[PDB]
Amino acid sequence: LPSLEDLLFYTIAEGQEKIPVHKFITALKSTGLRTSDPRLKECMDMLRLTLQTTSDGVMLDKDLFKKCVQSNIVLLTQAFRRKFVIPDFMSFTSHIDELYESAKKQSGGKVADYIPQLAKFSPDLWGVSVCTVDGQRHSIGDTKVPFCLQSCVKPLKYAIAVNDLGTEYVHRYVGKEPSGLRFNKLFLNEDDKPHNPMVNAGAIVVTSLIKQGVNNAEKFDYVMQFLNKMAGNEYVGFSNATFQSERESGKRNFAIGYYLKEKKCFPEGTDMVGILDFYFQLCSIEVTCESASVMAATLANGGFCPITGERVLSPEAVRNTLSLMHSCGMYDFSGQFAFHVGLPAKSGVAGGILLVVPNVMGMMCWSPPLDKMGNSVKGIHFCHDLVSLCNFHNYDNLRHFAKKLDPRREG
C-alpha cells in the first residue's frame, strides 16, 4: 500500500537515503517537461523554500521530497514512468534535430519584401519548436527571435470567432471549403460568401465578427488576452512598424474591403476601414517559435493549453479550425500538402508555419525565405520529412505503417 510519492522517491533514489535535488531536476528535464512549467510551480516553490532549511541545500530525504512533490504527484509520475504521449522524448528530439539539419541545407527561396520589416530578416534564420499535448518541449535553431504571425493568425482568430459565436453564426458569413481556384483570386462562392476563412477575403470578414460593437483598442486586447492563454503566458508581442508599413501599402487589401461591403458580406453596421485597420494589427502580432508552438499544441490538445491545463477554446472551435487548416492552410499548395503531409498547418508571409499533429503535438517552424506560393522553403521541406519518418499523416495507420517510426510507442 505504498503511496505514489513513496514510489517516485524510490525510483529516483536508486537505493540511497536522500535524493540530491540536482538529480531530481536532471531526471525531470529528460522527460521533456521544463522546470518552469506553470503546472509544477508549487513543486518548484516547495523545493526552493524547503532546501533553504537544509544543512547542505542539496539533499532531500524521503519526507521532505514526498512533501515537495505531493501537489503535482500524478503529473510528475506520468512524466518519470514514461506515460506521456511520446514516452521516449530524448530519442524523439534527436530525430527532430536531424530533420532540422536536413532542412537547413535548403537555402532557396526569397525573403518577403512587400514591406521593409520583412525584407530585413536574414535568409538563414531557421528554428523549430515542439510542444506535446503533455507539455514536453524541445527547440532547435532561432526559436527565441520574435517575428510576425501575418497569416498564421487566421486560424486563431477564426477559432475565437467560433468559440464566442458558434459554427452556425460564423458560417453565415464565410464558407467551409477550398476555393478550388487560386487564392490570389478575388471572388465569392455560390452564396456570395468568401470560400473559407483562410483566404484573404474570408479572414477579413471573420475579423469583422469578433467583439462587435466595441472599439479597435478593446478588440485587439481581447484578442491578445486570448493568444496569451493559447500560449501558456509565453511571448505574444506586437510590431507597430509592421503595422504601419502594412497600412502604408494596403491598397490591394482595401479593394477587397470595398468589394466585400458592396456585396453585403459584412454584418449590419460594419465600419470597413476600421475592420481593415484591426486586420492589419492582428497580422502584425509577434510570437517566437517557442510560444507559437504552445498555441499549436493547444489546438492539438482539444482546446486545452498543455502547459497550464486551462480550457482556452471550445471543442467545436478547435475541430473546425483543424479542418480548415487541413484544406486551405498553405495557399495554392494546400491540396498537395493535404495529400502528401496530411496535417493541419498554416503558413504566413513572415516564414512561419504553424503545424498541428492532432493528439500528439504542436509545432512552429520559421524561416523567412519563401517559395513561389509564399510558403517557407525550410518549413515545407521539414514537414515532408517529418511525415516520411513518422506515421503522422492523417491517413497513416496506427497498426500497419511500413518503415515509419511511431514515436508514441516505445522502441
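Note that residue numbering follows the sequence shown and begins at 1.
Looking at 122 to 130 and 301 to 309 together, the entry lists the larger mean B-factor for 122 to 130, computed on C-alpha atoms. Of the two stretches examined, 23 to 31 and 63 to 71, the record assigns the greater average C-alpha temperature factor to 63 to 71.
Out of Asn196, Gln212, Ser102, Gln78, it is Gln212 whose C-alpha atom has the highest B-factor in the PDB entry. The residue among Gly141, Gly135, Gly257, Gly232 whose C-alpha carries the highest B-factor in the deposited model is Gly257.
In this PDB entry, the Cα temperature factor of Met373 sits in the top third of its chain's modelled residues, the highest group. Annotation for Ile275: C-alpha temperature factor in the highest third relative to the rest of the modelled chain, per the entry. For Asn189, the recorded CA temperature factor ranks within the highest third of the chain's modelled residues. In the deposited entry, the Cα temperature factor of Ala296 places it in the lowest third of its chain's modelled residues. Ranked by C-alpha B-factor against the other modelled residues of its chain, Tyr169 falls in the highest third.
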